[PDB]
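Chemist: This is the structure I have questions about; it appears just below.
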Amino acid sequence: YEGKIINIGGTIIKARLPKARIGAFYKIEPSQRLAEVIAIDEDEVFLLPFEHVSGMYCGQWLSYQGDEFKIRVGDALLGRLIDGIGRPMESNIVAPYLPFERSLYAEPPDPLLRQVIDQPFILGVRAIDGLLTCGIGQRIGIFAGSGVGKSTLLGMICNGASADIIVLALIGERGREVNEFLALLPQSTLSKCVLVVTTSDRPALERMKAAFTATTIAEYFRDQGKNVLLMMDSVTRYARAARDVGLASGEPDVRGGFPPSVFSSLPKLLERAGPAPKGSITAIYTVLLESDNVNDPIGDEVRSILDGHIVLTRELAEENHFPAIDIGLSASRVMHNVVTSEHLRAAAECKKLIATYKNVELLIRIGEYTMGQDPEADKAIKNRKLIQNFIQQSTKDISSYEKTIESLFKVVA
Amino acid sequence: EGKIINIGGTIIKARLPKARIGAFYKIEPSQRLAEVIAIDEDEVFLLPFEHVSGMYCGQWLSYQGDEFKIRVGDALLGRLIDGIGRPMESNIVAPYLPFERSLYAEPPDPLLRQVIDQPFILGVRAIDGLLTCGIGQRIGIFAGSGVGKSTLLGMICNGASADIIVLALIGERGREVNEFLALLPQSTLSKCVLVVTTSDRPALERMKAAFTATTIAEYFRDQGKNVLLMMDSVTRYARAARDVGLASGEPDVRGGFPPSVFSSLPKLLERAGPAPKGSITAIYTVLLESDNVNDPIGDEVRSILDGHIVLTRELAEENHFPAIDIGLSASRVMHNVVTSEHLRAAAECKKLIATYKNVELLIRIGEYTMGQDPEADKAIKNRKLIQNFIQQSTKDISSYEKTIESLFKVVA
Amino acid sequence: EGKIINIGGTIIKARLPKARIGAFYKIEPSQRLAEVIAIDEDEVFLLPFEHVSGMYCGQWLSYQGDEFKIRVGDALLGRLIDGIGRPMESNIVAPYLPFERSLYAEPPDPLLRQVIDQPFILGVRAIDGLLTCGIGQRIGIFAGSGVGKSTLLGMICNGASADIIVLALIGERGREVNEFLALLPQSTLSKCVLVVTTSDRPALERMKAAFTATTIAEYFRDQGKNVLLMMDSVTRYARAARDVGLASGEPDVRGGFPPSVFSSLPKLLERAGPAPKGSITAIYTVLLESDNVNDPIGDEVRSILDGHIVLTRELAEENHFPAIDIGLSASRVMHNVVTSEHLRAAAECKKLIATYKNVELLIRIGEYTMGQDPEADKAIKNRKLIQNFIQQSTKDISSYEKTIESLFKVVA
Amino acid sequence: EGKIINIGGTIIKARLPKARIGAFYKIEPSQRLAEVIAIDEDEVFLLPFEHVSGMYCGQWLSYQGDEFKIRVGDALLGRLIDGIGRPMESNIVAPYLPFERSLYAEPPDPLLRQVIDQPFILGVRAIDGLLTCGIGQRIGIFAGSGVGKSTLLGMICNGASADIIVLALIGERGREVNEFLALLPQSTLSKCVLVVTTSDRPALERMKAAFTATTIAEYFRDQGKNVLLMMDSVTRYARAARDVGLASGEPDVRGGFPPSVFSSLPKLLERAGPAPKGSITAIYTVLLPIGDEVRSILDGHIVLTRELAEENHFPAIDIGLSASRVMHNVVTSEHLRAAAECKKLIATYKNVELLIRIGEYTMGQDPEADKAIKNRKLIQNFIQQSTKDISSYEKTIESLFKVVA
Ligand SMILES: Nc1ncnc2c1ncn2[C@@H]1O[C@H](COP(=O)(O)OP(=O)(O)O)[C@@H](O)[C@H]1O
Ligand SMILES: Nc1ncnc2c1ncn2[C@@H]1O[C@H](COP(=O)(O)OP(=O)(O)O)[C@@H](O)[C@H]1O
Ligand SMILES: Nc1ncnc2c1ncn2[C@@H]1O[C@H](COP(=O)(O)OP(=O)(O)O)[C@@H](O)[C@H]1O
Ligand SMILES: [Mg+2]
Ligand SMILES: [Mg+2]
Ligand SMILES: [Mg+2]
């Protein structure tokens, strides 16, 4: 009715319709599918459809629907599954009464009202609680390569941690995993859990906006005054989808593909989850790397945005050392605030012993290390299988925070 | 309908007013086809089905059909199919197929997948004892060229047991078609559908042949059966999609590949798994652009599939066949499949292999004197048992009980 | 005075005939400002101050200013300012800033700069005992991600003795503005100006916060007092200017960066320093792309800046904090400042650290007979005194006399 | 004389007919100027020196020239000069300058370069006792950061037997020009004519500073005077001409440098040699990619090292790996062989100090290292002195000949 699609191909369509506000979404008039305006030219507009692009033609019409795409949240979406658009997954249900329409692109809190975080957040993994330590309110990434440890460790965290609300986004991952995550969490956890599931099958728009849907639901349950744990599996799938859309919209390449829109819109997503006046969002994001190099474009940028990074390495997964986290290469930017100095000194000595043995281990496997001459290296070896039975852990085993730090004191000295 | 104005060599472009994208057109005098891949307000980009030589400007295009749907039915069992769905063996009568299916369908709904917990016996002791497969798991075989990908699919054709075996041979040798028919017995070839396009064919017919194999496997899944899909070199699909997408004017995001091969590979690989009725267990051969596993296609297909078996060239040079590197390999579904005792025995055998790989260069140089480590002497002592457990000949298959009891005898 | 013709991601384009550069316009339906960054002879490139929410074609523009100016004055202390210039705390009453200044001034005359002779007491034992800073020196702190740039500015800013501190937090997490105010006591918060912009803010606030901080520092310099300016990740300025200029029709040159970044960064980064009345002393945190050596924006900042502290994460992996690599870092302005015996003690224990970094191998390998290398014998005996002099705690600040006394007893 | 088409950040495009590459044009309302890098059939890509803000569509460009030449005369001795040529300060008034010459002059071909004679005394006693240098010889100094090369340059300006001394502080920092001029006397400044430019200044005039200083030194070469040229940090000329080159548009070849700097640096360095009018002793400093290309292109490298400068042994030069290639054509055979035997008397100490760090080395048969141990301190106070310690040429000769005893 308003315009005509005049260019079909790739991820974006292009239309001819004047006076289009940017970000408004338009329905394809005979064929019930709709598309969001991402950019405008002097008369022609770039649109990104919500579904696949097959079956279209030149001069196909476009109707006007709304100024902004908004999702509809409420308190009646706990224990239920949502896609990236906002509509529910399951159809054996009656769909709930969600009363509050919320926009999808909001603001972070005032930087003066973001308090300092000084309470520990316990995950149940002995390594990430003893050596590193999370805090109630921070956001922390799990940086690994392909098929190393990210999902499993995130399942161990979901099984071990406990918040008032749990919002779990599975964006751009395999569809076989939505029943594994539903199997490894109990009904006492499922009663406070919202899944936002976008499979890797889906278009670029759903796989790009599922992260914002999960962040919007998490901040809705934050504004009621509760501590909500957000867990977002592969924020890099958002980064890939935004790369595809931004390159199809005609933007350059900076730092290995990845237009400036990606590095501009990652902080608009990641700054929305932290401490707040009412409640706080503790966030745990997993990051896939383009090799096992930690110095990726997206790996380095999301490492410079987040408040803690947990680096998992493949050469500790070749050795059946699970969870495969590299202690020397991973850090936790809030553990000097959330815990006493005695735990801090013990964790520092355990990190120093791990790095000392890794500095020595090469000249043990070629038979040149001589015992008794270096006092720091010897104590790095005499405790080696005493520190490692602390640092590696089974999947179905959760630990308490007390015997964790008691094992740490027993392991270091 | 319209006329052709450019011919480049991979894609052509034409003056077609208001063509549906995806609809296939016909070159009018010369009996060839093409399909629409992009539209530019009066000028469509077309990908021809056959070779491009002979065309001229202003050559006409006739219309037929809104999409290229293949013709499928129950009478495909025991016969060979072209990549776009023709019967290849022309010495026999054409089969009667009642149904039409388009090549691009949807995966099953994610809440209807029912996490897999039954084993799938392959016959190779290394992907039965140490790695284990599931009914519904899609597996990858990652190697360099010449390392043994096709030998191992030949080993697991005559050892595995499904209802319908759907074997795609896309992008591979024409000489292979008969050698894969020399491994299949008559009780197995009477239930096998073999979709083969070779490396000579145009880029479309190597692109749209994995989708043909998946559509035939989905038709045989939806009847209530168990399908064993196996593709040979899915990276040949990835390279056909690469040079078509780069001819179509698209940027180069990673290692030479457009983003339209990274967005179109999950909507191929995710259609092969568990289902509300039936199942497809799929095995994909993946060739790596060097011996490095961090090839972009190797990395992306490792991040999509449910288990990877990396074969190295060091073990192919050391005459360790099959050349499965155990530390680099994994199987996601094994902890739901095997018992706790079998999982413990598998983990301890893998730790023995890693311990010997630690002490190997130290004993090769000559520093290892017997007696310091308790695990290194265990590795040296069980070395020969582990080696003749992992190493297996081509004409040998094991049953699952003999595999697990030999695992228990080897591990301790 | 013109219509907007297209909206990009970061950029606006309009038809403003004979418009100047720097002339900022506001959008008539929507109250928000935008300044001109390029001309294309009828068609200008503007950069907006905010996001692009509803931006229809043909939206009008109205002339507001020929250049953008900020309100400065002496009644700015103890406050928080954003990159634009307006106060960021809203519960407080708005102050009275008397004067206005443009953000683009020129560095002082190089024949009228003073001579740096007296030290700037910094607080950390390594950058006082080994790399001493003078009053008027521009040093930079070079590291990768999360290696400890912001923690070292916390240690400096805690134990700083300057008459007025301007702290620029450019393009970093909103969380840490309260963590910097948690280690500013009231005696140094009553005379500090925080120019803070967060990483989610639009492109030119993140591009102009450095100019706002240097403008405020030059104002309080021209009053006549010495002032400490500390920028946190001027690399965020550099890649904000990269994303602005590179999307305005300007070519990649060395890292994705246009030539305009390399034209506008040595003018910003040099208008600090000594002066005929007053002196800005500046500490620039620099983020590096990789941990490599061929960084197109780290190398030339290293070249045009007199003194640099290099933090390497290979010392942050053995938990050696602060991770200062004393061999890779230098201070061109310390031989003019400290006494000669201070130079001898600093050079001697740098020599001891450099000796023990490779005598350490032939201690572990059992090849070191005592006495054959006496200097190494002096670098093994005093290893512990050095490694308590170098790394210190975050809350462990120390005065200058204790640092030089402990330096002398470490070297002796 | 031409309207400005558009502004591309650092590139101006104009609509003006018939201009040559390198012609510099004039922004008339603001008094700024900008030179031509490329022409189209009627439009012209040129690039500004200064900042580009304040410019609009339709500003005029006054012609005022066709190539840039510097107004150079005899009265520039003792004045501060920009890389373009205008003075630095406004307290002094610009004197009479009759002549002007362009910045380009072709060097003679290398097949017929002259013989070197006539020892040229620099003032540091270490090299003119050990690594001497003639009049027309051009010398490269390879020093580091924090090695004390600025005092070395100030003390080879102070005590040189040259009537004119020309130095180009090309790309220096803000403080470092006063840091350098604080250690030059007034008797030296009344002999100097010196070009300064800072990293504030645009890369275009930061690369034309080298040609300006070379051109002024060629002017004082033609008046029958022995003249010394100094160019401090040739590498900063290299990065400035790099920024001009790939700012105009050119892909790089080696390191990050375009081949334009590899065509311009032998052209800039191959000139300024032994002319029959009384010639021009060039001293060019390079810090430690193109140091290979510089070290293979001029005769004589002097190496200053941090491993020697960590002690109090100034000037921080090591004779064991630096040598000026022309000494037999300069100094006599007695002085040459005595200097070379003192060089190998120093070089055998470092192969025997490490063997007397351990307790093994004795006397009895080693006639070259037993002499270094006794006659060490005369060596080690011959090859070092302070900043304002001058040692004339007719003292270092007999001092070196009583060092060899
Ligand atoms: N902590 C662990 N313990 C045992 N096995 C693990 C562990 N982490 C990963 N694995 C194995 O490695 C494979 C990859 O795990 P997963 O976390 O799914 O990888 P990704 O991080 O790519 O999702 C799985 O199939 C699993 O069997
Ligand atoms: N398990 C095995 N037993 C014996 N020979 C093998 C085995 N695997 C590979 N080979 C040898 O290595 C070569 C590569 O096998 P093939 O499967 O054809 O490579 P590709 O995986 O590239 O198709 C073959 O020629 C074969 O002889
Ligand atoms: N001086 C120090 N002492 C102890 N830990 C430190 C020190 N500096 C940095 N760290 C650790 O390293 C990490 C990086 O700190 P930070 O200063 O935020 O790095 P950056 O600001 O450069 O990203 C922190 O999580 C912190 O725990
Ligand atoms: Mg996963
Ligand atoms: Mg094969
Ligand atoms: Mg920081």
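Naming scheme: A, B, ... for chains in displayed order of the structure tokens; residues 1 onward per chain; ligands 1 onward as shown.
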Would you mind listing the residues within 10 Å of ligand 3, counting only C-alpha atoms and all ligand atoms, as a PDB file with N, CA and C atoms, in the first residue's frame?
Modeler:
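To be explicit, this is the file written out as out-v7.pdb:
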```pdb
ATOM      1  N   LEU A 132      39.094 -17.973  41.281  1.00  0.00           N
ATOM      2  CA  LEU A 132      38.321 -16.812  40.899  1.00  0.00           C
ATOM      3  C   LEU A 132      37.106 -16.745  41.812  1.00  0.00           C
ATOM      4  N   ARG A 303      36.025  -9.275  26.072  1.00  0.00           N
ATOM      5  CA  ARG A 303      36.867  -9.326  27.263  1.00  0.00           C
ATOM      6  C   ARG A 303      37.107  -7.938  27.835  1.00  0.00           C
ATOM      7  N   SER A 304      37.192  -6.925  26.976  1.00  0.00           N
ATOM      8  CA  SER A 304      37.381  -5.576  27.483  1.00  0.00           C
ATOM      9  C   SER A 304      36.090  -4.926  27.959  1.00  0.00           C
ATOM     10  N   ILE A 305      34.927  -5.502  27.674  1.00  0.00           N
ATOM     11  CA  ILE A 305      33.664  -4.970  28.188  1.00  0.00           C
ATOM     12  C   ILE A 305      33.249  -5.636  29.499  1.00  0.00           C
ATOM     13  N   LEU A 306      33.407  -6.950  29.626  1.00  0.00           N
ATOM     14  CA  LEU A 306      32.855  -7.678  30.762  1.00  0.00           C
ATOM     15  C   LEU A 306      33.716  -7.524  32.012  1.00  0.00           C
ATOM     16  N   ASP A 307      33.132  -7.886  33.157  1.00  0.00           N
ATOM     17  CA  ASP A 307      33.736  -7.719  34.473  1.00  0.00           C
ATOM     18  C   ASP A 307      34.431  -8.973  34.970  1.00  0.00           C
ATOM     19  N   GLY A 308      34.764  -9.893  34.081  1.00  0.00           N
ATOM     20  CA  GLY A 308      35.439 -11.108  34.468  1.00  0.00           C
ATOM     21  C   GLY A 308      35.446 -12.072  33.310  1.00  0.00           C
ATOM     22  N   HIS A 309      36.544 -12.773  33.104  1.00  0.00           N
ATOM     23  CA  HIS A 309      36.641 -13.678  31.978  1.00  0.00           C
ATOM     24  C   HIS A 309      37.212 -15.011  32.432  1.00  0.00           C
ATOM     25  N   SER A 330      42.769 -16.422  32.948  1.00  0.00           N
ATOM     26  CA  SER A 330      41.446 -15.971  33.342  1.00  0.00           C
ATOM     27  C   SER A 330      41.526 -15.149  34.621  1.00  0.00           C
ATOM     28  N   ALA A 331      40.573 -14.233  34.784  1.00  0.00           N
ATOM     29  CA  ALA A 331      40.604 -13.306  35.906  1.00  0.00           C
ATOM     30  C   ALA A 331      39.189 -13.043  36.388  1.00  0.00           C
ATOM     31  N   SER A 332      39.094 -12.275  37.469  1.00  0.00           N
ATOM     32  CA  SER A 332      37.816 -11.961  38.096  1.00  0.00           C
ATOM     33  C   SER A 332      37.935 -10.579  38.726  1.00  0.00           C
ATOM     34  N   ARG A 333      37.335  -9.582  38.097  1.00  0.00           N
ATOM     35  CA  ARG A 333      37.608  -8.205  38.463  1.00  0.00           C
ATOM     36  C   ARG A 333      36.899  -7.753  39.718  1.00  0.00           C
ATOM     37  N   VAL A 334      36.216  -8.617  40.462  1.00  0.00           N
ATOM     38  CA  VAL A 334      35.544  -8.105  41.652  1.00  0.00           C
ATOM     39  C   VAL A 334      35.844  -8.960  42.871  1.00  0.00           C
ATOM     40  N   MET A 335      36.867  -9.799  42.812  1.00  0.00           N
ATOM     41  CA  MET A 335      37.116 -10.655  43.960  1.00  0.00           C
ATOM     42  C   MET A 335      38.005 -10.006  45.003  1.00  0.00           C
ATOM     43  N   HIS A 336      38.612  -8.863  44.708  1.00  0.00           N
ATOM     44  CA  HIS A 336      39.289  -8.110  45.751  1.00  0.00           C
ATOM     45  C   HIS A 336      38.330  -7.264  46.571  1.00  0.00           C
ATOM     46  N   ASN A 337      37.044  -7.270  46.234  1.00  0.00           N
ATOM     47  CA  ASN A 337      36.020  -6.558  46.980  1.00  0.00           C
ATOM     48  C   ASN A 337      35.096  -7.475  47.752  1.00  0.00           C
ATOM     49  N   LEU A 344      42.070 -14.309  49.688  1.00  0.00           N
ATOM     50  CA  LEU A 344      42.744 -13.650  48.577  1.00  0.00           C
ATOM     51  C   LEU A 344      44.216 -14.049  48.506  1.00  0.00           C
ATOM     52  N   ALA A 348      45.962 -16.318  45.597  1.00  0.00           N
ATOM     53  CA  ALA A 348      47.152 -15.802  44.932  1.00  0.00           C
ATOM     54  C   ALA A 348      48.293 -16.808  44.964  1.00  0.00           C
TER      55      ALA A 348
ATOM     56  N   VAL C 124      53.677   4.582  43.422  1.00  0.00           N
ATOM     57  CA  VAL C 124      54.080   3.201  43.213  1.00  0.00           C
ATOM     58  C   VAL C 124      55.597   3.118  43.264  1.00  0.00           C
ATOM     59  N   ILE C 141      50.675   4.256  29.530  1.00  0.00           N
ATOM     60  CA  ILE C 141      50.675   2.915  30.099  1.00  0.00           C
ATOM     61  C   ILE C 141      50.104   1.972  29.056  1.00  0.00           C
ATOM     62  N   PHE C 142      50.926   1.047  28.579  1.00  0.00           N
ATOM     63  CA  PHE C 142      50.627   0.238  27.405  1.00  0.00           C
ATOM     64  C   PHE C 142      50.380  -1.201  27.825  1.00  0.00           C
ATOM     65  N   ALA C 143      49.170  -1.701  27.591  1.00  0.00           N
ATOM     66  CA  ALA C 143      48.867  -3.091  27.901  1.00  0.00           C
ATOM     67  C   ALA C 143      47.721  -3.572  27.031  1.00  0.00           C
ATOM     68  N   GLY C 144      47.455  -4.871  27.104  1.00  0.00           N
ATOM     69  CA  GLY C 144      46.350  -5.470  26.387  1.00  0.00           C
ATOM     70  C   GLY C 144      45.039  -5.323  27.127  1.00  0.00           C
ATOM     71  N   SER C 145      44.233  -6.379  27.216  1.00  0.00           N
ATOM     72  CA  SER C 145      42.963  -6.312  27.935  1.00  0.00           C
ATOM     73  C   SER C 145      43.129  -6.788  29.368  1.00  0.00           C
ATOM     74  N   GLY C 146      42.558  -6.044  30.303  1.00  0.00           N
ATOM     75  CA  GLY C 146      42.525  -6.531  31.669  1.00  0.00           C
ATOM     76  C   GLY C 146      43.877  -6.915  32.206  1.00  0.00           C
ATOM     77  N   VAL C 147      44.931  -6.220  31.787  1.00  0.00           N
ATOM     78  CA  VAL C 147      46.249  -6.493  32.332  1.00  0.00           C
ATOM     79  C   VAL C 147      46.542  -5.625  33.551  1.00  0.00           C
ATOM     80  N   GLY C 148      45.771  -4.563  33.775  1.00  0.00           N
ATOM     81  CA  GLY C 148      45.974  -3.754  34.962  1.00  0.00           C
ATOM     82  C   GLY C 148      46.250  -2.287  34.711  1.00  0.00           C
ATOM     83  N   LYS C 149      45.716  -1.749  33.618  1.00  0.00           N
ATOM     84  CA  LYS C 149      45.841  -0.321  33.350  1.00  0.00           C
ATOM     85  C   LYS C 149      44.997   0.497  34.317  1.00  0.00           C
ATOM     86  N   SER C 150      43.727   0.136  34.487  1.00  0.00           N
ATOM     87  CA  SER C 150      42.884   0.912  35.390  1.00  0.00           C
ATOM     88  C   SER C 150      43.249   0.708  36.847  1.00  0.00           C
ATOM     89  N   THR C 151      43.807  -0.440  37.213  1.00  0.00           N
ATOM     90  CA  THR C 151      44.194  -0.625  38.604  1.00  0.00           C
ATOM     91  C   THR C 151      45.414   0.206  38.953  1.00  0.00           C
ATOM     92  N   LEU C 152      46.289   0.432  37.984  1.00  0.00           N
ATOM     93  CA  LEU C 152      47.476   1.250  38.189  1.00  0.00           C
ATOM     94  C   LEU C 152      47.116   2.728  38.238  1.00  0.00           C
ATOM     95  N   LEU C 153      46.093   3.146  37.489  1.00  0.00           N
ATOM     96  CA  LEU C 153      45.597   4.510  37.675  1.00  0.00           C
ATOM     97  C   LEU C 153      44.908   4.696  39.012  1.00  0.00           C
ATOM     98  N   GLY C 154      44.304   3.647  39.564  1.00  0.00           N
ATOM     99  CA  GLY C 154      43.799   3.745  40.922  1.00  0.00           C
ATOM    100  C   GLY C 154      44.910   3.933  41.938  1.00  0.00           C
ATOM    101  N   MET C 155      46.022   3.217  41.753  1.00  0.00           N
ATOM    102  CA  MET C 155      47.165   3.348  42.656  1.00  0.00           C
ATOM    103  C   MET C 155      47.845   4.707  42.518  1.00  0.00           C
ATOM    104  N   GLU C 172      34.569   3.520  28.801  1.00  0.00           N
ATOM    105  CA  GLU C 172      34.754   2.354  29.662  1.00  0.00           C
ATOM    106  C   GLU C 172      33.474   2.030  30.432  1.00  0.00           C
ATOM    107  N   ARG C 173      33.496   0.966  31.221  1.00  0.00           N
ATOM    108  CA  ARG C 173      32.288   0.534  31.910  1.00  0.00           C
ATOM    109  C   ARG C 173      31.708   1.527  32.898  1.00  0.00           C
ATOM    110  N   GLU C 176      32.552   1.315  36.977  1.00  0.00           N
ATOM    111  CA  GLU C 176      33.781   1.659  37.667  1.00  0.00           C
ATOM    112  C   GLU C 176      33.911   3.142  37.993  1.00  0.00           C
ATOM    113  N   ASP C 232      41.891   7.567  30.581  1.00  0.00           N
ATOM    114  CA  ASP C 232      41.736   6.125  30.667  1.00  0.00           C
ATOM    115  C   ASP C 232      41.281   5.644  29.299  1.00  0.00           C
ATOM    116  N   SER C 233      42.176   4.937  28.604  1.00  0.00           N
ATOM    117  CA  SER C 233      41.965   4.396  27.262  1.00  0.00           C
ATOM    118  C   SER C 233      41.644   5.509  26.261  1.00  0.00           C
ATOM    119  N   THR C 285      46.392   5.992  29.676  1.00  0.00           N
ATOM    120  CA  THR C 285      46.162   4.572  29.471  1.00  0.00           C
ATOM    121  C   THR C 285      45.939   4.293  27.990  1.00  0.00           C
ATOM    122  N   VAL C 286      46.662   3.315  27.449  1.00  0.00           N
ATOM    123  CA  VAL C 286      46.568   2.936  26.043  1.00  0.00           C
ATOM    124  C   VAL C 286      46.232   1.455  25.976  1.00  0.00           C
ATOM    125  N   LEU C 287      45.153   1.117  25.279  1.00  0.00           N
ATOM    126  CA  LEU C 287      44.747  -0.268  25.087  1.00  0.00           C
ATOM    127  C   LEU C 287      45.350  -0.740  23.774  1.00  0.00           C
ATOM    128  N   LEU C 288      45.726  -2.010  23.716  1.00  0.00           N
ATOM    129  CA  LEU C 288      46.359  -2.540  22.521  1.00  0.00           C
ATOM    130  C   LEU C 288      45.451  -3.582  21.872  1.00  0.00           C
ATOM    131  N   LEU C 311      53.027  -2.680  30.512  1.00  0.00           N
ATOM    132  CA  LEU C 311      52.489  -3.799  31.266  1.00  0.00           C
ATOM    133  C   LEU C 311      52.305  -4.981  30.330  1.00  0.00           C
ATOM    134  N   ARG C 313      51.152  -9.060  29.961  1.00  0.00           N
ATOM    135  CA  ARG C 313      50.334 -10.022  30.686  1.00  0.00           C
ATOM    136  C   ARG C 313      51.070 -11.317  30.985  1.00  0.00           C
ATOM    137  N   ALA C 316      51.391 -10.913  34.415  1.00  0.00           N
ATOM    138  CA  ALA C 316      50.092 -11.045  35.051  1.00  0.00           C
ATOM    139  C   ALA C 316      49.614 -12.486  35.107  1.00  0.00           C
ATOM    140  N   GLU C 317      50.259 -13.396  34.375  1.00  0.00           N
ATOM    141  CA  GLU C 317      49.881 -14.802  34.460  1.00  0.00           C
ATOM    142  C   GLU C 317      50.576 -15.507  35.620  1.00  0.00           C
ATOM    143  N   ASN C 319      50.970 -13.917  38.376  1.00  0.00           N
ATOM    144  CA  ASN C 319      50.420 -13.141  39.490  1.00  0.00           C
ATOM    145  C   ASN C 319      51.496 -12.250  40.117  1.00  0.00           C
ATOM    146  N   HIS C 320      52.066 -11.382  39.288  1.00  0.00           N
ATOM    147  CA  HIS C 320      53.138 -10.464  39.656  1.00  0.00           C
ATOM    148  C   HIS C 320      52.618  -9.051  39.421  1.00  0.00           C
ATOM    149  N   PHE C 321      51.904  -8.512  40.403  1.00  0.00           N
ATOM    150  CA  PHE C 321      51.193  -7.269  40.194  1.00  0.00           C
ATOM    151  C   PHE C 321      51.787  -6.143  41.029  1.00  0.00           C
ATOM    152  N   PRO C 322      52.100  -4.979  40.432  1.00  0.00           N
ATOM    153  CA  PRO C 322      51.837  -4.557  39.053  1.00  0.00           C
ATOM    154  C   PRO C 322      52.765  -5.178  38.020  1.00  0.00           C
ATOM    155  N   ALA C 323      52.214  -5.472  36.843  1.00  0.00           N
ATOM    156  CA  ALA C 323      52.901  -6.271  35.840  1.00  0.00           C
ATOM    157  C   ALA C 323      53.821  -5.429  34.975  1.00  0.00           C
ATOM    158  N   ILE C 324      54.676  -4.629  35.595  1.00  0.00           N
ATOM    159  CA  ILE C 324      55.545  -3.716  34.865  1.00  0.00           C
ATOM    160  C   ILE C 324      56.770  -4.481  34.402  1.00  0.00           C
ATOM    161  N   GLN C 391      56.849  -5.446  43.165  1.00  0.00           N
ATOM    162  CA  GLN C 391      55.407  -5.593  43.218  1.00  0.00           C
ATOM    163  C   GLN C 391      54.899  -5.252  44.608  1.00  0.00           C
ATOM    164  N   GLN C 392      53.825  -4.477  44.659  1.00  0.00           N
ATOM    165  CA  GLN C 392      53.221  -4.104  45.922  1.00  0.00           C
ATOM    166  C   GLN C 392      51.712  -4.215  45.796  1.00  0.00           C
ATOM    167  N   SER C 393      51.037  -4.123  46.934  1.00  0.00           N
ATOM    168  CA  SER C 393      49.596  -4.285  46.967  1.00  0.00           C
ATOM    169  C   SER C 393      48.910  -3.042  46.418  1.00  0.00           C
ATOM    170  N   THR C 394      47.604  -3.166  46.187  1.00  0.00           N
ATOM    171  CA  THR C 394      46.833  -2.042  45.677  1.00  0.00           C
ATOM    172  C   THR C 394      46.667  -0.957  46.731  1.00  0.00           C
ATOM    173  N   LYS C 395      46.424  -1.341  47.980  1.00  0.00           N
ATOM    174  CA  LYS C 395      46.240  -0.389  49.063  1.00  0.00           C
ATOM    175  C   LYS C 395      47.542  -0.040  49.769  1.00  0.00           C
ATOM    176  N   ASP C 396      48.683  -0.373  49.177  1.00  0.00           N
ATOM    177  CA  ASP C 396      49.991  -0.141  49.783  1.00  0.00           C
ATOM    178  C   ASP C 396      50.659   1.001  49.025  1.00  0.00           C
TER     179      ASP C 396
END
```
Chemist: Using all C-alpha atoms matched in sequence order, least-squares fit chain B onto chain C and give the RMSD rounded to one decimal in Å.
Modeler: 0.9 Å
Chemist: Can you check which residues of chain C have any atom within 7 Å of chain A? Use only C-alpha atoms and format it as a PyMOL selection string.
Modeler: chain C and resi 5-9+53-57+145-146+173-175+177-179+199-200+243+256+290+317-319+363-366
Chemist: In Å to one decimal, how far is CA of residue 283 in chain D from CA of residue 323 in chain D?
Modeler: 14.3 Å
Chemist: List every residue of range 220-390 of chain B that DSSP, applied to the backbone, labels as strand (DSSP E), and write the result as a PyMOL selection string.
Modeler: chain B and resi 226-231+279-287+307-310+330-331
